[PDB]
Amino acid sequence: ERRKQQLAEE
Amino acid sequence: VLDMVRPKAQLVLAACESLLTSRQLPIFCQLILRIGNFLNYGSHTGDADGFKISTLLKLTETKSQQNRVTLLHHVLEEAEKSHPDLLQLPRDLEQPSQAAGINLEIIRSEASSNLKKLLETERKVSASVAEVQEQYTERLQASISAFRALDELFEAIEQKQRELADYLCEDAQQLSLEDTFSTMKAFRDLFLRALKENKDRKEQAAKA
Amino acid sequence: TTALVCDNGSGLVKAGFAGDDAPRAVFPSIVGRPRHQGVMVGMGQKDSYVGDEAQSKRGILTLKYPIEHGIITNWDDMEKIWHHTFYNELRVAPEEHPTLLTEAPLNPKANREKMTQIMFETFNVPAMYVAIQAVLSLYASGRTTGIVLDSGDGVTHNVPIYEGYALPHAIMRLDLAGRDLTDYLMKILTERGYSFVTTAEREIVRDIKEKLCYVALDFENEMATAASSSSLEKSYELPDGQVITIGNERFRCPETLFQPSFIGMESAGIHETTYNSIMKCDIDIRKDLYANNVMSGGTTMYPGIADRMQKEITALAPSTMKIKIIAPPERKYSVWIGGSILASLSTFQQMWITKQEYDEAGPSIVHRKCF
Amino acid sequence: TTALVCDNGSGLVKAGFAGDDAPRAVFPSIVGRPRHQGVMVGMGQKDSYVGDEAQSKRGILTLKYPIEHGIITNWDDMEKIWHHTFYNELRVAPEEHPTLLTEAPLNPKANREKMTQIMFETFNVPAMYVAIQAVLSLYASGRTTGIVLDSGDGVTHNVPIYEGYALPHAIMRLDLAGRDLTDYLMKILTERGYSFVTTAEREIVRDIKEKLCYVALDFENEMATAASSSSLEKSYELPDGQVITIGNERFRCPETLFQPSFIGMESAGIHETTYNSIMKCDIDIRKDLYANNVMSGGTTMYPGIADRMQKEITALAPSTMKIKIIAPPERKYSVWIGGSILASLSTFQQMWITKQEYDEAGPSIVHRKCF
Amino acid sequence: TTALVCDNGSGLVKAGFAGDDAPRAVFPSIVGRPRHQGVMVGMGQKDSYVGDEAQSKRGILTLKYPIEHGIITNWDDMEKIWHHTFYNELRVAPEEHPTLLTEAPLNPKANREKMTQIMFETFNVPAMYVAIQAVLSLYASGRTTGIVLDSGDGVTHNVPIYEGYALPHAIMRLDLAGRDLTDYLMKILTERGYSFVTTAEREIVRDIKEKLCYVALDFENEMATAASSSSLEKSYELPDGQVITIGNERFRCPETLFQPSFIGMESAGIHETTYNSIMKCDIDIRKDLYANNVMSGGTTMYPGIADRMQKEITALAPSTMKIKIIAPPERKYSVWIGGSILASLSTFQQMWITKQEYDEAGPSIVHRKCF
Ligand SMILES: Nc1ncnc2c1ncn2[C@@H]1O[C@H](COP(=O)(O)OP(=O)(O)OP(=O)(O)O)[C@@H](O)[C@H]1O
Ligand SMILES: Nc1ncnc2c1ncn2[C@@H]1O[C@H](COP(=O)(O)OP(=O)(O)O)[C@@H](O)[C@H]1O
Ligand SMILES: Nc1ncnc2c1ncn2[C@@H]1O[C@H](COP(=O)(O)OP(=O)(O)O)[C@@H](O)[C@H]1O
Ligand SMILES: [Mg+2]
Ligand SMILES: [Mg+2]
Ligand SMILES: [Mg+2]
């Protein structure tokens with residue numbers, strides 16, 4: 001979930 | 001695989017034919033076996049009248065008091081003054097040394113797999129359309145002729161192995177060609193190394 | 001539609017189609033995981049390898065042999081092996097082909113129930129039948145009633161069969177097979193002077209067991225000529241150049257089947273478990289048990305096992321001079337070939353277990369259709 | 001967006017955009033500081049020249065290499081190298097571009113810590129990665145398996161790869177590469193009288209090494225040919241117009257790769273390092289490795305190194321087995337070419353080390369997320 | 001007549017007179033040869049330094065170990081080791097003293113032939129004996145039965161022995177000992193930036209392995225303690241005056257003894273090897289072996305190995321019967337102490353191997369006389 005939020009942020 | 005396999009296979013066949021026609025290896029093993037029977041009196045071993053392939057690598061174990069000249073160096077120092085034809089033993093056995101380390105079973109497995117797969121290929125293309133037939137069948141028939149020539153060469157290698165087994169009269173069922181060529185390659189390197197050490201010893205004595 | 005037959009072996013799982021003369025897939029019963037740690041991408045390397053792919057890349061893989069002595073213990077690895085066996089080895093989906101299956105004899109009932117519920121729930125087969133390996137082994141010889149010796153890689157068993165239906169009271173177990181013979185062969189070749197610590201050495205000793213080892217007609221007479229026999233002593237070449245010489249051990253490795261006191265246990269042999277299993281039946285079937293004695297497995301490829309089984313059953317039973325022990329040349333896969341013969345027939349369509357039978361009866365249908 | 005690949009190698013920096021085959025920015029990694037007295041007034045001249053500007057004006061500069069044997073010594077100089085290769089040469093904002101990086105194996109971990117800290121704080125990027133150079137050098141070759149001898153300017157390292165999997169226990173590192181060959185050539189050029197003491201002259205000796213040196217196929221025969229006749233003698237023109245001539249020093253200088261005892265280091269040559277790396281792997285996985293020796297690095301651009309490497313390995317190895325030295329003509333940029341191949345993949349997009357992940361995990365997730 | 005006890009181990013040769021408690025001549029087994037050139041004429045520049053003179057002058061010497069993995073590989077060097085330990089250290093004539101010798105289990109027969117022929121033909125003795133190192137290690141502990149694990153410099157082997165009867169099948173050998181820990185310490189010390197590549201530096205890494213390393217009782221808790229606080233970091237002063245500081249490498253280096261996957265070996269730790277040695281024995285004598293686990297060899301000098309070894313054995317084995325570790329403080333010389341006990345007996349006069357027995361039976365009576 002942190003990686004998905006990361007790739008959504010970037 | 002026809003480019004890779006068949007000329008080192010011909011080198012293996014030439015190596016086995018050179019071993020069968022080797023004259024100087026009987027005279028050299030005659031001299032080595034006479035010296036080895038002379039050196040080991042007094043024990044149970046005496047009247048020893050035969051030896052395996054692995055004795056040639058064991059010749060350098062017997063060292064003198066100086067720990068510099070072993071038995072092989074003394075044998076070649078006698079052979080250089082006694083029998084210059086007996087120094088031919090690297091040249092007639094150069095081709096097994098080039099054939100040393102050729103794995104015969106894996107290349108016969110690759111050739112047999114290629115032949116059976118191409119026979120399946122011929123069976124499938126015979127049920128295929130005619131343009132694939134006219135494209136490929138002359139190459140397929142030439143390749144199957146090349147594999148049958150290679151299999152006749154493999155049978156020639158097998159019967160030359162049986163002839164070498166009957167010639168040397170060693171352990172025939174244990175007579176692997178690969179191990180004989182590799183241990184003999186170690187022997188040929190020991191031959192050239194001991195000759196180089198003998199000529200370096202002679203040059204050092206001359207300089208001194 | 002053509003049916004699928006797989007022999008879920010302890011050392012070699014075989015798979016193929018019904019009606020074929022030979023199994024199309026023969027792969028060892030191995031599941032490999034990557035031995036070292038490291039992730040990267042490497043164009044999408046698989047997390048688990050099974051079978052021939054696991055055999056091919058086995059240096060960087062730790063392997064698992066999940067069947068212990070015929071009997072299933074680790075079930076997820078069997079599920080992965082069955083997923084390879086359908087989806088990539090034969091390249092099929094199991095929800096339209098009826099699938100014949102094999103069990104070790106004296107299997108626990110929970111193992112059969114778990115096997116049936118994983119076939120019906122996970123793979124969702126429309127039809128499955130569990131058969132004892134000995135019943136299929138008799139079907140490869142082409143008869144329906146008799147006792148069969150089956151020695152695979154896991155365990156040795158003697159099973160009596162009546163009209164295709166086995167008798168679980170008189171099935172007897174001998175706790176050795178080709179893995180135990182392989183371990184004993186490394187033991188007595190180590191006693192001869194060799195050493196096998198690596199993987200490839202164990203595979204070479206397996207191929208030595210495949211090629212050279214045989215059963216003599218007489219153990220004591222061939223001991224009596226063992227030092228004097230010029231044809232007994234064989235050898236083998238490892239591809240890197242190691243030479244393994246084998247002598248009398250060629251008929252000491254399979255004679256562990258005939259006499260298990262060679263290795264240090266007091267269990268009865270493949271002829272003695274057969275004889276004791278024949279006497280534990282009803283009296284009427286016993287002549288049909290002697291008449292249709294089939295050996296099976298890769299542990300029966302030793303040449304001259306037929307006449308030695310003949311001589312040992314001749315020694316124990318005075319009524320069996322002339323009856324011949326049937327040894328097919330293809331009894332490596334006689335479990336699979338008999339599964340092909342059984343599944344390919346049009347008389348087997350009733351004996352399959354439907355999905356609705358498992359849904360209305362539970363897993364215990366494997367006790368009652370497979371018997 | 002488009003990713004950046006910046007191989008910050010020990011002698012030359014190769015930076016460029018992802019998806020391309022030619023690196024846009026190849027320039028040597030030096031910092032040139034003035035040493036004489038300036039008399040001109042009006043500024044324009046800087047206190048530190050970086051890159052090709054320092055190469056052009058090298059006769060009045062002390063040149064400092066920020067990287068010595070794959071380890072960054074002066075972090076301020078290497079920061080200036082990063083600032084020049086991002087803002088001045090490539091001309092891209094780093095905070096809108098992912099940026100792959102390369103690192104030598106068996107490096108000190110605090111060096112990776114400080115690379116990750118500077119690349120996430122000062123030249124702050126949305127995403128970055130640290131990867132082994134030999135893996136990307138194999139990725140240029142279009143294959144999954146093989147051994148890479150990567151010989152850069154500071155580090156010559158041997159890394160095997162099997163089915164896209166590095167074996168870290170078999171990896172070795174050797175501190176002998178192009179800078180040490182330049183130092184040894186600078187030493188042995190004093191035999192003919194050509195003194196070279198300055199850092200400016202080190203680049204001239206490097207240019208002689210690039211243009212005229214080659215690997216001898218047989219060392220002693222080339223000694224005999226060079227001592228016999230002056231056929232191997234070649235002339236070089238200096239920037240001041242003097243023409244020198246060198247003879248056996250064309251092949252006495254790269255032979256330090258095969259005989260390190262010229263420069264006093266005890267450890268063996270690169271062929272023995274590769275051979276010991278292959279026996280450090282298991283026996284069954286060696287079959288690809290001899291068939292897939294893929295060299296890389298600028299030090300492997302001598303036009304006699306492939307045949308010599310084949311000869312030395314074929315001498316050391318068992319002869320039962322195919323030796324193939326796969327040296328592509330573009331093997332200098334094979335680290336960058338493999339980086340541009342790897343960075344243009346969707347499967348890599350989930351494996352980026354990113355800003356917020358660095359913010360929870362500290363600058364130490366590079367030891368965990370990157371292998 | 002005083003006998004001589006001379007353990008010619010892989011790491012350090014320990015020699016002295018029989019009937020004493022401590023060996024007089026303890027010195028490492030290395031042959032140092034000068035890799036550089038000599039310019040200073042005279043003063044006894046002898047071409048091969050052997051023993052402590054090779055240790056003291058090690059900064060200009062290539063050091064060769066004659067023993068590799070418990071196998072006498074180099075024979076001229078090993079003869080120089082024997083000549084130094086007889087003539088320079090003990091300063092005794094070999095022809096007036098019996099010489100007890102030691103050997104590793106599962107040794108080659110021709111190796112025993114070669115040491116017997118050097119000990120009867122070059123260095124003539126009135127008598128000599130070859131004994132298993134684990135058996136003498138048990139005899140130092142004073143008990144007749146037990147299991148001895150011996151971890152030398154190249155071999156860690158397990159020998160269970162019951163009432164003096166050494167079980168041959170239950171002996172096994174794992175090639176993981178002090179030299180492999182030294183090489184792994186070289187591999188992990190480069191993470192902190194300390195490079196050690198020469199054979200001279202192997203003595204320095206072996207010295208810090210001797211002085212600072214210790215077996216962790218639990219690897220994960222010591223990992224968490226080392227990662228959390230820098231309390232366990234210890235400093236060492238190099239011979240050039242530099243001071244290094246090591247952290248988790250004090251326990252990451254012996255953990256290869258329990259986890260061989262660090263250096264890339266598929267085999268399990270020494271506790272599992274001990275356990276599999278115990279299951280190869282008969283079930284009645286296992287109770288004696290579990291309470292009589294005897295360590296020997298200097299690789300057991302790490303001061304946490306006894307409690308961790310007791311924990312691992314008590315966890316792995318069933319807890320029915322007593323687990324007791326026998327770790328005497330003088331177990332480093334327990335081979336020599338057991339040899340001194342065995343040599344000084346009145347009954348040992350008839351198990352000596354005389355010169356007349358050698359003349360009668362070649363160098364082969366040691367096979368039929370000793371175990
Ligand atoms: N030609 C042969 N000669 C002797 N032994 C062989 C031969 N081929 C295979 N084997 C061995 O025999 C075994 C193979 O037998 P089989 O295929 O019946 O076993 P399995 O099906 O794995 O076992 P199980 O029936 O107990 O589940 C293996 O141990 C294999 O090594
Ligand atoms: N054409 C060439 N011929 C010979 N040597 C070369 C050539 N090009 C570069 N080199 C050497 O290779 C070095 C550059 O290596 P490089 O590719 O930068 O490796 P890395 O990226 O690992 O530092 C230079 O220092 C130079 O000495
Ligand atoms: N105090 C110590 N602490 C840790 N390890 C030691 C210590 N002393 C010796 N060792 C290791 O144990 C080995 C001792 O050698 P030893 O067992 O006596 O003979 P060998 O190992 O040659 O058969 C050495 O190689 C050394 O690395
Ligand atoms: Mg089966
Ligand atoms: Mg590079
Ligand atoms: Mg010791």
# chains A, B, ... in the order shown; residues from 1 in each chain; ligands from 1
>>> calpha_fit_rmsd(fixed="chain C", moving="chain E")
2.1 Å
>>> residues_near_ligand(ligand="ligand 4", cutoff="9 Å", atoms="only C-alpha atoms and all ligand atoms", output="VMD selection string")
chain C and resid 6 to 14 70 102 to 104 133 151 to 154 297 to 298 332 to 336
>>> interface_residues(of="chain D", to="chain C", cutoff="8 Å", atoms="only C-alpha atoms", output="VMD selection string")
chain D and resid 144 162 to 167 282 to 285 347 to 348 370 to 371
>>> atom_distance(atom1="CA of residue 256 in chain C", atom2="CA of residue 330 in chain C")
22.4 Å
>>> residues_around(residues="residue 174 in chain B", least_positions_apart="6", cutoff="12 Å", atoms="only C-alpha atoms", output="short mmCIF file (atom, residue, chain, number, x, y, z; two decimals) with N, CA and C atoms, in the first residue's frame")
data_model
loop_
_atom_site.label_atom_id
_atom_site.label_comp_id
_atom_site.auth_asym_id
_atom_site.auth_seq_id
_atom_site.Cartn_x
_atom_site.Cartn_y
_atom_site.Cartn_z
N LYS B 52 49.26 -50.94 -15.23
CA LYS B 52 48.12 -50.21 -15.75
C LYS B 52 48.57 -48.90 -16.40
N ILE B 53 47.59 -48.07 -16.78
CA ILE B 53 47.88 -46.80 -17.45
C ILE B 53 48.48 -45.78 -16.47
N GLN B 161 38.26 -48.82 -30.69
CA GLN B 161 38.38 -48.98 -29.24
C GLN B 161 38.50 -50.45 -28.84
N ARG B 162 37.72 -51.33 -29.49
CA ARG B 162 37.84 -52.77 -29.24
C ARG B 162 39.19 -53.31 -29.71
N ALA B 165 41.71 -52.20 -27.16
CA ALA B 165 41.54 -53.04 -25.98
C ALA B 165 42.18 -54.41 -26.17
N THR B 180 42.34 -42.53 -20.80
CA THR B 180 43.63 -42.90 -21.39
C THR B 180 44.29 -41.70 -22.07
N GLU C 233 32.20 -58.85 -13.22
CA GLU C 233 32.74 -57.54 -12.87
C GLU C 233 32.49 -56.54 -13.98
N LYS C 234 31.63 -55.57 -13.71
CA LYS C 234 31.35 -54.47 -14.62
C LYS C 234 31.93 -53.17 -14.06
N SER C 235 31.83 -52.12 -14.86
CA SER C 235 32.30 -50.81 -14.43
C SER C 235 31.50 -49.73 -15.13
N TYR C 236 31.73 -48.50 -14.71
CA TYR C 236 31.02 -47.36 -15.26
C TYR C 236 31.93 -46.14 -15.25
N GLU C 237 31.76 -45.29 -16.25
CA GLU C 237 32.54 -44.06 -16.41
C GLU C 237 31.67 -42.86 -16.07
N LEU C 238 32.10 -42.08 -15.08
CA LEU C 238 31.51 -40.77 -14.86
C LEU C 238 32.05 -39.83 -15.95
N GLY C 241 35.44 -38.35 -15.63
CA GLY C 241 36.54 -39.29 -15.70
C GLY C 241 36.66 -40.29 -14.56
N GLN C 242 35.79 -40.24 -13.56
CA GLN C 242 35.85 -41.20 -12.47
C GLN C 242 35.33 -42.56 -12.92
N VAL C 243 36.01 -43.62 -12.48
CA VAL C 243 35.68 -44.99 -12.87
C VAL C 243 35.19 -45.73 -11.64
N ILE C 244 34.00 -46.31 -11.73
CA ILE C 244 33.38 -47.04 -10.63
C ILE C 244 33.31 -48.51 -11.05
N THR C 245 34.07 -49.36 -10.36
CA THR C 245 34.05 -50.80 -10.62
C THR C 245 33.09 -51.48 -9.65
N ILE C 246 32.22 -52.33 -10.18
CA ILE C 246 31.24 -53.05 -9.39
C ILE C 246 31.34 -54.55 -9.71
#
>>> residues_around(residues="residue 4 in chain A", least_positions_apart="6", cutoff="12 Å", atoms="only C-alpha atoms", output="list in words")
residues 10 of chain A; 349, 350, 351, 352, 354, 356 and 357 of chain D
>>> write_last_selection(atoms="N, CA and C atoms", output="short mmCIF file (atom, residue, chain, number, x, y, z; two decimals), in the first residue's frame")
data_model
loop_
_atom_site.label_atom_id
_atom_site.label_comp_id
_atom_site.auth_asym_id
_atom_site.auth_seq_id
_atom_site.Cartn_x
_atom_site.Cartn_y
_atom_site.Cartn_z
N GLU A 10 4.20 9.79 -7.39
CA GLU A 10 5.28 10.10 -8.31
C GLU A 10 4.84 9.95 -9.77
N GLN D 349 9.57 -0.76 -12.76
CA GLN D 349 8.98 0.44 -12.16
C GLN D 349 8.52 0.23 -10.73
N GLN D 350 8.27 -1.01 -10.32
CA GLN D 350 7.95 -1.28 -8.93
C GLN D 350 9.18 -1.46 -8.04
N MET D 351 10.39 -1.52 -8.61
CA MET D 351 11.60 -1.79 -7.84
C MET D 351 12.45 -0.56 -7.58
N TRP D 352 11.90 0.64 -7.74
CA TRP D 352 12.65 1.86 -7.50
C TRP D 352 12.75 2.16 -6.01
N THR D 354 12.75 5.10 -3.56
CA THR D 354 12.05 6.37 -3.72
C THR D 354 12.25 7.23 -2.48
N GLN D 356 10.06 8.81 -0.14
CA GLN D 356 9.37 8.59 1.12
C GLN D 356 9.80 7.29 1.78
N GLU D 357 10.08 6.26 0.97
CA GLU D 357 10.62 4.99 1.47
C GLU D 357 11.98 5.18 2.13
#
>>> interface_residues(of="chain B", to="chain D", cutoff="7 Å", atoms="only C-alpha atoms", output="number ranges by chain")
B: 101-103
>>> residues_around(residues="residue 168 in chain B", least_positions_apart="3", cutoff="12 Å", atoms="only C-alpha atoms", output="MDAnalysis selection string")
chainID B and resid 16 19:23 25:26 29 50:53 161:165 171:172 175 180
>>> residues_around(residues="residue 123 in chain D", least_positions_apart="6", cutoff="8 Å", atoms="only C-alpha atoms", output="PDB file with C-alpha atoms, in the first residue's frame")
ATOM      1  CA  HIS D  83      26.557  18.587 -10.582  1.00  0.00           C
ATOM      2  CA  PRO D  94      17.158  15.738 -11.318  1.00  0.00           C
ATOM      3  CA  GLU D  95      13.870  16.125  -9.388  1.00  0.00           C
TER       4      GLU D  95
END
>>> interface_residues(of="chain A", to="chain D", cutoff="8 Å", atoms="only C-alpha atoms", output="VMD selection string")
chain A and resid 3 6 to 7 10
>>> write_last_selection(atoms="N, CA, C and O atoms", output="mmCIF file, in the first residue's frame")
data_model
loop_
_atom_site.group_PDB
_atom_site.id
_atom_site.type_symbol
_atom_site.label_atom_id
_atom_site.label_comp_id
_atom_site.auth_asym_id
_atom_site.auth_seq_id
_atom_site.Cartn_x
_atom_site.Cartn_y
_atom_site.Cartn_z
ATOM 1 N N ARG A 3 3.888 1.373 -1.314
ATOM 2 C CA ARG A 3 4.443 1.412 -2.667
ATOM 3 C C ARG A 3 3.424 1.919 -3.687
ATOM 4 O O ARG A 3 3.788 2.636 -4.629
ATOM 5 N N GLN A 6 3.164 5.530 -3.158
ATOM 6 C CA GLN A 6 4.391 6.099 -3.703
ATOM 7 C C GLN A 6 4.310 6.282 -5.213
ATOM 8 O O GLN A 6 4.655 7.347 -5.740
ATOM 9 N N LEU A 7 3.865 5.244 -5.927
ATOM 10 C CA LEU A 7 3.769 5.334 -7.381
ATOM 11 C C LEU A 7 2.605 6.218 -7.821
ATOM 12 O O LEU A 7 2.622 6.747 -8.938
ATOM 13 N N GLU A 10 4.203 9.788 -7.391
ATOM 14 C CA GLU A 10 5.283 10.104 -8.314
ATOM 15 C C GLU A 10 4.845 9.952 -9.767
ATOM 16 O O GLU A 10 5.419 10.564 -10.668
#
>>> select_by_dssp(residues="chain A", states="helix (DSSP H, G or I)", output="list in words")
residues 2, 3, 4, 5, 6, 7, 8 and 9 of chain A
>>> residues_around(residues="residue 263 in chain E", least_positions_apart="3", cutoff="8 Å", atoms="only C-alpha atoms", output="ChimeraX atom specification")
/D:169 /E:184,256,260
>>> select_by_dssp(residues="range 252-347 of chain D", states="strand (DSSP E or B)", output="ChimeraX atom specification")
/D:293-296,325-326
